[PDB]
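Considered here are two forms of the same protein chain, supplied as structure tokens in two stand-alone entries, structure 1 and structure 2.
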Structure 1
């Protein structure tokens, strides 16, 4: 059986591609509208457009399962509403064979999606985030909400922005006394990570002599400070947990568990990233079950509407079950397992119903 498999696979694949394109376009438009509020004469409209276009791959990867569900629904509905699946069944083919024929392109798409996620989404998402942070953070002592505080010894650091090439922007650090009396307050315009140590550029430190003696100001163009933070950790502590690679999530989870800090959110992100193929398979199975049962001979509009509604309900359930695991101390794996299992069970029931 070669021609029927190709027919079904091509139909579903093209439908999925079109649905994914439309969904990604709508998501990009909504993101642009929502983020248009941040223009401040230092973050131009071109910058926002560049950020959105660079963030597109991450959102496409995130929304791939919904596109798969809706596209499979539409394609199978197009096939069935023309009395073609009935002919195939009456010719000897079986529902298991039809499900396999639909799933094979789904397997290819799942492999492509996992690869794209874990090998591209981090890179482009990081590039976009770094660009936006650099655009918004070339300001003053502490003038960005994309910043990053820190503390070592008795000196409290700040960082306006962090760049992928091991360069910081606007490093302001306060040095105190054992008596908690301030002694200095510096502001370095940039910083670069020489392998041995951090190097500052164009600092403007001001020294406050404790006593009533004269207060002075000094300017060292290339002052050098030895700090504990490292570029690799900095590039990870800022990015959202859901934007890291699978290997990056694994490494950060182990690094956190090493020092005793909790990592439930990172466990949730890792489980949601690694178990996506199972969720996609369950969603496609539920869609196939819908086609053979209730939505047997309904119009295309009803198929699209029901697919969108089911996708919205599933997304809301899985999003509410995410933080709920952290709040209620649920194992993070359940928040991912539950909705997919429910959808697969419902699909299997409706399929057994014939």
Structure 2
């Protein structure tokens, strides 16, 4: 059974690609419209367009499941409304065989989604966020929102802005004595990562003298810095959990585990980014169930409308079970399993009802 497989696969693949293109275009348009409100001074229209375009792979990865659902609905509806699936079924081709034929060109889509969301999405998202932060500002010691604070037994660290290419903008160092005696008001602009030390740049330090001498400014060009911070550690904290690579999410979850702080949002992000193929499979199984049942001979518009409505109902529930799993106390795995599980159960029920 080769020609039927290729026919159904090509149909559903093209339909899914078209739906994904339309959805991505709409999402980018809405995001640009929202971003227009913050155009002031340095944040020109060109920078906003660059940021919107660079955040395209993340949106495509996010909208892949809904696109797959709607595309499968449309592609199978084209065949069903022309009374061709009935011919296939009457020729001896089973129903599970048709489901397998539809899902054969869809493992490719799931694999592409995983690959583009673990290798391509984090890079572009990081570049776009850093560029937007730079365009908006961050000149002063505490100007940009993309800041962080780190402390040791006495060392105080504040970073005004972090760069994707292992660079910090606005390095600030302080030293307080055992009796809370101030000892340093260091300032820096850039830093380069070599070995484990941190090659600071534009070191405008200001060290306080205890007894009577007022501090002095030493404009040393560069100085190795003894900090346990790693560029991956400072990059991971800045980015939102829903925009991190799977390996990075796993490593950060474990690191948070070591220090004793509970991890409940990174776990949810990890489960969401890992169980995406299963959610896609459940959604498209339910779509196939829909085609063989209620939406058999209805028009294309009704299928599109039903797909969009159910996609809204599903995405709203998925995004509503997230914060609820953190306000309350139940494993985040439920927040990812429950909606896809009930979608698959309903699809199987309707398919068995034929």
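Positions refer to the first chain, counted from 1. Take the two forms, superpose them, and find the largest set of C-alpha atoms that agree within 1.5 Å; that set is the rigid core.
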Residue from 242, 84, 118, 183 whose Cα, after superposing the rigid core, lies 2 Å or more away between structures 1 and 2: 183
Turn of the lesser rigid segment against the greater one between structures 1 and 2, rounded to whole degrees: 14
Core superposition result - C-alpha of residue 42, shift between structures 1 and 2, Å: 1.0
Backbone CA shift between structures 1 and 2, residue 273, after core fitting (angstrom): 0.2
Angstrom displacement of the CA atom of residue 167 between structures 1 and 2, core fixed: 2.4
